[PDB]
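A.B. asks: Could you have a look at this structure, given as structure tokens, before my questions?
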Amino acid sequence: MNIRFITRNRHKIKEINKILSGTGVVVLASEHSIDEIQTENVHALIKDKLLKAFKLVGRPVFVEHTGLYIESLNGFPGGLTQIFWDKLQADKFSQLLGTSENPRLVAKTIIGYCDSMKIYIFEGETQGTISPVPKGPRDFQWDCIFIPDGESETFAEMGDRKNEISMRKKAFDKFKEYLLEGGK
Amino acid sequence: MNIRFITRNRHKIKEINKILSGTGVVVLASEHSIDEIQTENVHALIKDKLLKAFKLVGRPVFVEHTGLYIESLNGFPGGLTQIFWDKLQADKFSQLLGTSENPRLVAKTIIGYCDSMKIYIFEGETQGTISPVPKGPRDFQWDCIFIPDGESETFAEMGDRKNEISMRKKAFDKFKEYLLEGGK
Amino acid sequence: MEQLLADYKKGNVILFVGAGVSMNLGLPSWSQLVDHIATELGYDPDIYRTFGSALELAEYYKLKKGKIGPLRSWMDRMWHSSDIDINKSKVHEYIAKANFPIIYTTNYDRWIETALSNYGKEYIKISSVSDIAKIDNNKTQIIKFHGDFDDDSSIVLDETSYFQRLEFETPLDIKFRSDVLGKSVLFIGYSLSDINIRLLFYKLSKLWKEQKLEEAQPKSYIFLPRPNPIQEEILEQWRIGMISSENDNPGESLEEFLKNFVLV
Amino acid sequence: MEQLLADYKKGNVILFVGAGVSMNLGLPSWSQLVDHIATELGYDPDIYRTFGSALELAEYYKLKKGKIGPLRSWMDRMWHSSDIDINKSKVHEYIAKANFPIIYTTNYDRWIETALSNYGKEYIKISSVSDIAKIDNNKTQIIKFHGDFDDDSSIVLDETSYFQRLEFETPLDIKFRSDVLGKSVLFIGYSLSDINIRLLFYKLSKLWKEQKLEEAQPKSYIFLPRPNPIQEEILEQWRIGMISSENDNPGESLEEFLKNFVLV
Amino acid sequence: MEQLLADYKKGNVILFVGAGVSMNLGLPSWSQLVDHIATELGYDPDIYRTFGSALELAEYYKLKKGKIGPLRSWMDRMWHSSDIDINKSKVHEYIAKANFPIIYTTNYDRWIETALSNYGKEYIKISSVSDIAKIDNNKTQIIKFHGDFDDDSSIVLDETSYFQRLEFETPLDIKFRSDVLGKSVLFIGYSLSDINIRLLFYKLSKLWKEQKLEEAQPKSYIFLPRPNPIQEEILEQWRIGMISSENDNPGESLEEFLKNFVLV
């Protein structure tokens with residue numbers, strides 16, 4: 001059973017092929033473009049992104065979106081987490097909130113999956129803290145700032161165990177649990 | 001000749017008639033609900049708001065948007081000013097940006113007018129500063145923290161002297177000079 | 001506009017009414033008619049709308065269930081609910097107090113019939129040729145153009161039945177042609193936006209002008225809130241006029257439009 | 001699939017060509033014509049796109065500028081500009097190398113004819129009723145079923161024209177019925193939301209039924225790049241099986257679909 | 001003549017066959033059936049043929065025997081007797097070696113099919129409406145337009161089923177009309193005293209004049225070895241031009257007429 005995926009990042013498909021290895025499902029890539037709406041309700045964002053994806057392929061497909069929920073910002077990220085990120089960048093974000101009084105933020109990845117019968121929502125959660133300095137590489141997203149609770153390094157630094165402790169790993173764990181029982 | 005307006009604010013029904021007095025045009029008010037998309041580019045917001053308005057009535061109309069642009073945040077809110085205000089409010093806005101090193105910010109009101117044949121964009125600008133404490137009545141938008149240039153009080157403390165130096169007043173006498181020329 | 005009232009004094013106009021008078025009463029819309037029969041099938045209420053135009057849901061539901069029967073019973077139960085009052089809608093009563101001898105409806109409910117019965121107007125509802133016979137020359141004649149819920153055969157909710165209504169072979173269309181060979185049609189609540197509809201009109205359009213012979217096929221008009229130039233320029237080539245108001249809320253615009261026919 | 005290849009081996013297939021094949025060639029879109037036609041009419045393109053449909057506004061331009069002449073002059077100018085290369089499109093090469101005896105099309109351009117000329121295969125263009133006498137059975141017949149740029153009367157660009165076309169009374173419909181009677185017909189490049197092909201399938205059915213020719217008429221086929229069980233179950237009632245591909249990209253799916261006829 | 005050969009090089013000639021082609025084989029005549037049914041009812045085969053005219057006589061034989069069963073068995077026995085040689089006739093050889101895609105016939109025998117199989121030509125025999133699905137464009141189509149001995153109901157040997165074939169609404173006539181739409185049609189081996197060929201001409205001429213396509217449809221042709229001026233004059237008004245040979249013996253005249261298509 002094949003499940004399509006609509007992304008432009010070419011490492012994502014091989015990463016979830018490594019994640020879902022031996023689960024009875026292979027993941028096929030789609031090279032189209034989905035113009036997502038920018039609404040703070042991330043559930044509506046994943047719903048209309050999944051609707052546009054099923055309009056694009058018409059097969060069992062899923063979409064994912066990564067968001068943030070800062071307690072000091074009252075969850076102003078989320079639906080515009082990407083917009084917030086490239087409009088601020090790492091050093092300005094670090095001096096804005098890592099030097100602030102409340103660096104407590106919740107990082108969440110919401111996965112919406114449709115099997116051409118219904119739609120299904122999976123979400124992961126990870127409580128983190130904001131660094132006052134970007135550490136490690138600045139290549140992929142806000143991993144150079146995001147320090148989890150219970151650890152010290154920013155998510156760009158450790159390498160491989162961030163793929164085991166992330167919120168999208170937990171959302172993929174519930175998604176993998178859902179497909180491994182037969183999708184009932 | 002009549003030009004309608006699509007808003008749910010009571011004071012604008014008499015305010016735009018008072019501002020645009022002498023032009024021979026009475027500004028009518030329509031009470032339909034407006035859904036606005038939330039992107040940073042203000043021009044697309046005024047464009048699609050006018051498109052949905054003209055689809056709603058089909059008569060020569062206009063619509064208004066007023067937004068903030070923090071110079072330290074590279075103009076991050078823009079058209080997300082209302083939702084950023086609803087997520088933060090005045091005291092968190094003051095403590096986060098009015099107490100910062102750079103409270104200098106830009107605020108632009110863009111008027112989009114449709115004459116049922118073409119589209120026209122009018123833009124007014126007035127620079128200002130963010131107050132480190134909220135002053136005045138907080139019942140009317142984010143005006144309790146906006147201190148313009150050359151003054152000392154917030155925009156909610158302006159009273160009836162508000163419509164002499166405001167950015168919306170500049171957008172509206174651009175609207176008045178274009179309307180008094182016969183719409184050429 | 002003025003000629004419509006002039007021929008309404010002479011009774012040479014035929015009221016034609018769609019769902020635009022039916023949205024005011026809190027009736028179930030076509031969107032929850034898509035939401036249901038998808039959740040009654042195993043689908044999500046959304047996600048079918050990637051492949052559909054809601055006649056395709058009526059096709060898929062009657063194809064899987066074998067008949068149109070469960071859909072007919074469900075829309076008869078929701079369209080004639082207990083909490084919905086006829087009297088809290090001025091457009092129905094404005095239709096009721098007016099002097100219209102022949103009235104054609106494409107809606108499938110009986111709210112026009114209860115509107116005429118609530119204000120003492122004697123009606124004989126007709127849907128099958130049979131009934132055609134029983135026309136109280138006097139009593140208004142309401143004609144269900146797309147059938148009602150008391151006939152499972154000729155009821156038009158589906159793309160197959162909508163395509164059977166292309167060539168107009170059903171004798172209700174023959175009765176319509178015989179009724180409008182010297183009169184006009186006033187269209188209400190018909191959003192020229194959905195091709196089919198548009199088409200419906202087209203074909204229909206023919207009917208009158210069709211026989212421009214002598215006569216004058218008294219002009220015909222539709223009523224929309226929005227005054228766009230494209231639809232009036234398009235509709236004027238089918239011998240149909242355009243009537244619009246300056247009010248933007250459609251229910252109050254339809255109320256003040258029907259107020260012209262209430263007092264005359 | 002194998003039934004289509006067996007009928008293609010016997011030459012009982014007729015290729016329909018829609019507008020959806022032209023996306024690989026880089027032709028101007030319909031939306032670009034809406035932008036140009038608003039600029040020519042003195043309108044903003046988006047606000048002209050709002051009120052009116054995607055093709056009525058063409059009849060609005062036709063009525064405002066007298067006739068269809070300047071519009072189709074613009075279509076003939078930018079639809080055959082020298083910036084378009086025809087060797088780079090693999091799907092037109094696969095069409096021209098296939099053994100299609102009769103190729104119907106609703107495209108107004110000449111790129112199928114130029115594609116047949118570019119690969120050394122003789123073509124005959126049929127647009128009006130006088131060209132049916134020019135049919136040679138040793139050449140591939142091309143029928144511009146919706147008209148062509150060298151005949152303003154046969155052009156179908158407006159709602160007034162896009163209509164009595166649906167009653168199927170022009171002699172090109174008689175020609176179409178005559179070739180389709182014994183042979184299957186393949187539809188490519190259609191978006192399936194167009195009302196014209198659904199009326200075409202429904203009229204076909206009926207015909208090939210009332211004419212007791214139900215035993216005779218193979219199964220017609222339509223190509224869609226995505227799977228669609230609802231539309232497949234609907235189109236099965238009009239005796240047309242859909243063909244879906246595993247490729248999500250539509251251009252690669254269409255090229256892989258038309259690969260199957262070239263090698264034989 | 002030259003235009004007929006030009007249409008033959010384009011493959012737009014559909015060939016009919018009457019009994020006059022098969023008269024050279026030593027096949028039994030119609031009087032050879034008349035004396036058999038006369039001895040079958042104990043009549044003399046002159047007093048039986050006085051108060052009946054062939055087709056009736058077969059009507060009476062069918063009515064007295066209950067069906068056309070024994071008559072079909074007798075025609076199939078003596079029409080395909082083993083002493084008849086197919087190689088000895090140049091007419092059937094020239095029929096088989098010519099490149100005719102579609103051949104209609106009103107014969108009931110199989111000698112055209114036997115001539116096509118004898119000279120290495122693949123053929124598809126069509127007798128009823130179910131055989132239209134077996135059409136191959138790589139093989140010669142043989143349509144038994146008047147039925148064959150394999151089917152009892154499709155046989156026309158009597159006056160009433162002659163009238164059934166003469167209102168022209170059977171599905172084989174639909175296939176005939178759709179085949180003869182673009183192509184000229186050659187008739188050989190017919191006599192003008194037959195009513196059904198003249199009424200077929202009249203039906204074709206009225207049908208083309210009805211739908212506006214008379215600019216297409218190049219004219220049909222018939223071959224009569226005896227020239228007739230006023231028959232050419234009446235058939236000119238139906239767009240059929242007669243072709244007259246010069247040798248008075250009809251067999252080799254028909255042979256040298258059919259010689260013209262073998263070499264091409």
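Ligands are numbered from 1 in the order shown, chains are lettered A, B, ... in the order of the structure tokens, and residues start at 1 in each chain.
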Can you work out which residues from chain D touch chain C at a cut-off of 12 Å (counting only C-alpha atoms) and hand them back as a ChimeraX atom specification?

C.D. replies: /D:47-64,158-164,166-168,191-196,198-203,205-206,226-238

A.B. asks: What lies within 9 Å of residue 176 (chain B) using only C-alpha atoms, ignoring chain neighbours under 3 positions off, as a PDB file with N, CA, C and O atoms, in the first residue's frame?

C.D. replies:
```
ATOM      1  N   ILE B  19     -15.796  63.526   7.139  1.00  0.00           N
ATOM      2  CA  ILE B  19     -14.508  63.781   6.495  1.00  0.00           C
ATOM      3  C   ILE B  19     -14.700  64.123   5.021  1.00  0.00           C
ATOM      4  O   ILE B  19     -14.143  65.107   4.518  1.00  0.00           O
ATOM      5  N   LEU B  20     -15.539  63.360   4.322  1.00  0.00           N
ATOM      6  CA  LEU B  20     -15.768  63.546   2.895  1.00  0.00           C
ATOM      7  C   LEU B  20     -16.919  64.500   2.602  1.00  0.00           C
ATOM      8  O   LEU B  20     -17.542  64.400   1.535  1.00  0.00           O
ATOM      9  N   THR B  23     -18.034  66.956  -1.013  1.00  0.00           N
ATOM     10  CA  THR B  23     -17.775  66.321  -2.297  1.00  0.00           C
ATOM     11  C   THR B  23     -19.047  65.973  -3.054  1.00  0.00           C
ATOM     12  O   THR B  23     -18.968  65.622  -4.236  1.00  0.00           O
ATOM     13  N   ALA B 171      -4.724  59.237   3.945  1.00  0.00           N
ATOM     14  CA  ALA B 171      -5.376  58.363   2.971  1.00  0.00           C
ATOM     15  C   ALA B 171      -6.718  58.940   2.528  1.00  0.00           C
ATOM     16  O   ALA B 171      -7.073  58.886   1.340  1.00  0.00           O
ATOM     17  N   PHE B 172      -7.429  59.592   3.442  1.00  0.00           N
ATOM     18  CA  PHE B 172      -8.724  60.121   3.064  1.00  0.00           C
ATOM     19  C   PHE B 172      -8.687  61.473   2.358  1.00  0.00           C
ATOM     20  O   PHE B 172      -9.639  61.760   1.633  1.00  0.00           O
ATOM     21  N   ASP B 173      -7.644  62.313   2.487  1.00  0.00           N
ATOM     22  CA  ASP B 173      -7.722  63.478   1.599  1.00  0.00           C
ATOM     23  C   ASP B 173      -7.052  63.166   0.276  1.00  0.00           C
ATOM     24  O   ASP B 173      -7.246  63.913  -0.680  1.00  0.00           O
ATOM     25  N   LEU B 179     -11.490  62.095  -5.603  1.00  0.00           N
ATOM     26  CA  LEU B 179     -12.930  62.126  -5.805  1.00  0.00           C
ATOM     27  C   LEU B 179     -13.410  63.486  -6.296  1.00  0.00           C
ATOM     28  O   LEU B 179     -14.384  63.554  -7.054  1.00  0.00           O
ATOM     29  N   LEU B 180     -12.735  64.571  -5.912  1.00  0.00           N
ATOM     30  CA  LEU B 180     -13.171  65.894  -6.341  1.00  0.00           C
ATOM     31  C   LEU B 180     -12.760  66.236  -7.768  1.00  0.00           C
ATOM     32  O   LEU B 180     -13.229  67.247  -8.301  1.00  0.00           O
ATOM     33  N   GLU B 181     -11.914  65.429  -8.400  1.00  0.00           N
ATOM     34  CA  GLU B 181     -11.490  65.658  -9.775  1.00  0.00           C
ATOM     35  C   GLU B 181     -12.376  64.958 -10.791  1.00  0.00           C
ATOM     36  O   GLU B 181     -12.050  64.959 -11.981  1.00  0.00           O
TER      37      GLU B 181
END
```

A.B. asks: Working over all C-alpha atoms in order, superimpose chain D onto chain C by least squares and state the RMSD in Å.

C.D. replies: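 The optimal C-alpha superposition leaves an RMSD of 1.3 Å.
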
A.B. asks: DSSP on the backbone, then: every residue of region 32-249 of chain C marked strand (DSSP E), written as a PyMOL selection string.

C.D. replies: chain C and resi 102-105+141-144+184-188+220-223+240-243

A.B. asks: Next, the residues of the selection above should be written as a PDB file, in the first residue's frame with C-alpha atoms.

C.D. replies:
```pdb
ATOM      1  CA  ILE C 102     -49.936  30.792 -12.684  1.00  0.00           C
ATOM      2  CA  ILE C 103     -46.796  30.178 -10.628  1.00  0.00           C
ATOM      3  CA  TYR C 104     -43.945  27.787 -11.480  1.00  0.00           C
ATOM      4  CA  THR C 105     -41.479  26.530  -8.888  1.00  0.00           C
ATOM      5  CA  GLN C 141     -52.160  27.014 -10.232  1.00  0.00           C
ATOM      6  CA  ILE C 142     -48.883  26.160  -8.611  1.00  0.00           C
ATOM      7  CA  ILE C 143     -46.775  23.984 -10.878  1.00  0.00           C
ATOM      8  CA  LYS C 144     -43.868  21.961  -9.523  1.00  0.00           C
ATOM      9  CA  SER C 184     -44.013  36.880 -19.557  1.00  0.00           C
ATOM     10  CA  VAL C 185     -41.887  35.150 -16.920  1.00  0.00           C
ATOM     11  CA  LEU C 186     -40.665  36.857 -13.749  1.00  0.00           C
ATOM     12  CA  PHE C 187     -37.707  34.864 -12.371  1.00  0.00           C
ATOM     13  CA  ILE C 188     -36.959  35.002  -8.624  1.00  0.00           C
ATOM     14  CA  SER C 220     -39.377  38.757 -19.310  1.00  0.00           C
ATOM     15  CA  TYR C 221     -37.350  39.763 -16.265  1.00  0.00           C
ATOM     16  CA  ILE C 222     -35.260  38.295 -13.455  1.00  0.00           C
ATOM     17  CA  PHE C 223     -34.446  39.877 -10.090  1.00  0.00           C
ATOM     18  CA  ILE C 240     -35.000  38.843 -20.975  1.00  0.00           C
ATOM     19  CA  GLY C 241     -34.714  42.018 -18.910  1.00  0.00           C
ATOM     20  CA  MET C 242     -32.792  42.698 -15.710  1.00  0.00           C
ATOM     21  CA  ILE C 243     -34.103  44.202 -12.467  1.00  0.00           C
TER      22      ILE C 243
END
```

A.B. asks: Name all residues at most 8 Å from residue 98 (chain C) (count only C-alpha atoms; drop same-chain ones fewer than 6 positions away) and give them as a list in words.

C.D. replies: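 Here the answer would be residues 261, 262, 263 and 264 of chain C.
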
A.B. asks: Using only C-alpha atoms, find the residues of chain A whose closest atom to chain B is at most 7 Å away, then write them as a list in words.

C.D. replies: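 The answer, sorted by residue number, is residues 38, 39, 73, 74, 76, 87 and 88 of chain A.
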
A.B. asks: Quick check, in Å to one decimal: how far apart do CA of residue 148 (chain A) and CA of residue 80 (chain B) lie?

C.D. replies: 29.0 Å

A.B. asks: Could you work out how far CA of residue 2 (chain A) lies from CA of residue 66 (chain A), giving the answer in Å with one decimal?

C.D. replies: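 Going from CA of residue 66 (chain A) over to CA of residue 2 (chain A) covers 23.5 Å.
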
A.B. asks: Taking only C-alpha atoms into account, which residues of chain A are within 12 Å of chain C, as a JSON list (two decimals) with C-alpha atoms, in the first residue's frame?

C.D. replies:
```json
[["chain", "number", "residue", "atom", "x", "y", "z"],
["A", 47, "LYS", "CA", -7.35, 20.71, 6.74],
["A", 48, "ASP", "CA", -7.27, 22.91, 3.65],
["A", 49, "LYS", "CA", -3.68, 21.84, 2.91],
["A", 50, "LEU", "CA", -4.89, 18.22, 2.95],
["A", 51, "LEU", "CA", -7.87, 19.21, 0.78],
["A", 52, "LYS", "CA", -5.55, 20.86, -1.76],
["A", 53, "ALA", "CA", -3.26, 17.81, -1.63],
["A", 54, "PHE", "CA", -6.13, 15.42, -2.34],
["A", 55, "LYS", "CA", -7.22, 17.75, -5.13],
["A", 56, "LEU", "CA", -3.70, 17.41, -6.51],
["A", 57, "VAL", "CA", -3.24, 13.61, -6.35],
["A", 58, "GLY", "CA", -6.55, 11.96, -5.42],
["A", 59, "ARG", "CA", -4.75, 9.02, -3.77],
["A", 60, "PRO", "CA", -4.05, 8.38, -0.04],
["A", 113, "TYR", "CA", -3.76, 12.34, 6.71],
["A", 114, "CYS", "CA", -6.50, 11.35, 4.27],
["A", 115, "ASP", "CA", -7.09, 7.79, 3.05],
["A", 116, "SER", "CA", -9.68, 8.78, 0.37],
["A", 117, "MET", "CA", -12.51, 7.93, 2.83],
["A", 118, "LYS", "CA", -12.02, 10.39, 5.72],
["A", 119, "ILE", "CA", -9.35, 12.75, 7.02],
["A", 120, "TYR", "CA", -7.29, 12.08, 10.14]]
```

A.B. asks: List every residue of region 66-105 of chain A that DSSP, applied to the backbone of this structure, assigns to helix (DSSP H, G or I), and report them as JSON, numbers by chain.

C.D. replies: {"A": [81, 82, 83, 84, 85, 86, 87, 88, 90, 91, 92, 93, 94, 95, 96, 97, 98]}

A.B. asks: Between CA of residue 212 (chain E) and CA of residue 130 (chain D), what is the spacing in Å?

C.D. replies: 10.6 Å

A.B. asks: Show which residues sit within 12 Å of region 158-162 of chain A, as an mmCIF file with N, CA and C atoms, in the first residue's frame. Count only C-alpha atoms, and ignore same-chain residues fewer than 6 positions away.

C.D. replies:
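Listing of around-v2.cif after writing:
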```
data_model
loop_
_atom_site.group_PDB
_atom_site.id
_atom_site.type_symbol
_atom_site.label_atom_id
_atom_site.label_comp_id
_atom_site.auth_asym_id
_atom_site.auth_seq_id
_atom_site.Cartn_x
_atom_site.Cartn_y
_atom_site.Cartn_z
ATOM 1 N N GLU A 15 13.814 10.500 4.910
ATOM 2 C CA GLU A 15 13.743 10.454 6.368
ATOM 3 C C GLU A 15 12.525 9.671 6.851
ATOM 4 N N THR A 126 6.242 19.030 22.015
ATOM 5 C CA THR A 126 7.551 19.073 22.656
ATOM 6 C C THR A 126 7.698 20.428 23.326
ATOM 7 N N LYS A 135 23.144 28.496 18.230
ATOM 8 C CA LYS A 135 24.217 27.523 18.370
ATOM 9 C C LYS A 135 24.103 26.468 17.279
ATOM 10 N N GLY A 136 25.247 25.977 16.816
ATOM 11 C CA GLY A 136 25.272 24.976 15.778
ATOM 12 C C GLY A 136 24.998 25.574 14.412
ATOM 13 N N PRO A 137 24.624 24.737 13.446
ATOM 14 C CA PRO A 137 24.321 25.250 12.105
ATOM 15 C C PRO A 137 22.999 26.002 12.053
ATOM 16 N N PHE A 140 18.699 24.406 8.825
ATOM 17 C CA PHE A 140 17.327 23.909 8.803
ATOM 18 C C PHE A 140 16.547 24.459 9.991
ATOM 19 N N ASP A 143 16.167 25.200 14.597
ATOM 20 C CA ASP A 143 16.866 24.221 15.420
ATOM 21 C C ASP A 143 18.098 24.800 16.108
ATOM 22 N N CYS A 144 18.595 25.949 15.656
ATOM 23 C CA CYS A 144 19.747 26.580 16.281
ATOM 24 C C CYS A 144 19.400 27.330 17.560
ATOM 25 N N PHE A 146 16.295 26.257 19.526
ATOM 26 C CA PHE A 146 15.328 25.458 20.277
ATOM 27 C C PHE A 146 16.035 24.487 21.221
ATOM 28 N N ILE A 147 16.020 24.816 22.506
ATOM 29 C CA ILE A 147 16.577 23.976 23.564
ATOM 30 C C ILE A 147 15.417 23.277 24.261
ATOM 31 N N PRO A 148 15.380 21.949 24.297
ATOM 32 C CA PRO A 148 14.283 21.264 24.987
ATOM 33 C C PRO A 148 14.449 21.331 26.496
ATOM 34 N N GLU A 151 17.365 19.064 28.578
ATOM 35 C CA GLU A 151 18.625 19.005 27.854
ATOM 36 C C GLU A 151 19.200 20.409 27.736
ATOM 37 N N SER A 152 20.420 20.486 27.209
ATOM 38 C CA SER A 152 21.148 21.743 27.127
ATOM 39 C C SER A 152 21.342 22.264 25.712
ATOM 40 N N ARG A 168 7.599 15.877 15.871
ATOM 41 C CA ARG A 168 7.162 15.227 14.646
ATOM 42 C C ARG A 168 7.478 13.742 14.680
ATOM 43 N N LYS A 169 8.476 13.340 15.475
ATOM 44 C CA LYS A 169 8.721 11.920 15.700
ATOM 45 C C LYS A 169 7.583 11.291 16.491
ATOM 46 N N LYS A 170 7.049 12.010 17.480
ATOM 47 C CA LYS A 170 5.925 11.490 18.257
ATOM 48 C C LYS A 170 4.640 11.471 17.434
#
```

A.B. asks: List the neighbours of residue 114 (chain C) out to 10 Å using only C-alpha atoms; skip same-chain residues closer than 4 positions along the sequence, and give me the result as an MDAnalysis selection string.

C.D. replies: chainID C and resid 86:87 92 96 109:110 118:121 123

A.B. asks: Check the smallest atom-to-atom distance from each of C:181, C:68, C:174, C:133 to residue 13 (chain C) using only C-alpha atoms, then report the winner.

C.D. replies: C:181
